[PDB]
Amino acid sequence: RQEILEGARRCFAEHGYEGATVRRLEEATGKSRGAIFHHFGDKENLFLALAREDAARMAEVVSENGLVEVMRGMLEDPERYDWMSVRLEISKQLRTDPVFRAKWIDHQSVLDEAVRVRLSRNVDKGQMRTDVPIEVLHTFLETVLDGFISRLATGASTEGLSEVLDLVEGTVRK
């Protein structure tokens, strides 16, 4: 299972979401079409399980330092850009396919909750600005994150990005 997810993350990154064929998946994992669908059912579910893994990892990071720290980590990891692209191929599906949408959102919930807890702790400590509702701050942070993912996925340089993150953090602080 862990073997399947690692290999599949590699396969999706290297070949894309449609290009991630049963053939390619067996090739990346060394397991069969049968033992892959056995755990997960279909491609979409294997995808969501990988998304949920990312979400749980990011959630731990957010707990320590925030969404800005997740973004800092992305600057340190250029090898993961290919996987980030995979993630962006699905957007119309995410927006219009209601069952898929709900599943995507549910698989992200650990992260969404970690971000809410973190911001709550910041507010409780008096560290965020209070002239802007916390929910606007939250949407701003999530927007910057999506921006980072997109730019990095599409081949932008890291340049000035660590300074952009300093600006982003400064923007939400008291």
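Note that residue numbering follows the sequence shown and begins at 1.
Worksheet item: Given the B-factors recorded for C-alpha atoms, which segment has the greater mean, 105-113 or 62-70?
Response: Result: 105-113.
Fill in: Which of 129-137 and 142-150 has higher mean CA B factor, as the PDB entry lists it
Per the PDB entry, the higher value belongs to 129-137.
Practice prompt. Just say lowest, middle or highest third for the CA B-factor of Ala8 relative to the other modelled residues in its chain.
Written response: Within its chain, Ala8 is a middle-third residue by C-alpha B-factor, going by the deposited values.
Worksheet entry | Modelled-residue ranking by C-alpha temperature factor, third containing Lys31 | Ranked within chain, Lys31 CA B lands in the highest tercile.
Practice prompt. Can you work out whether the C-alpha temperature factor of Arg52 puts it in the lowest, middle or highest third of the chain?
Written response: Middle third by C-alpha B-factor.
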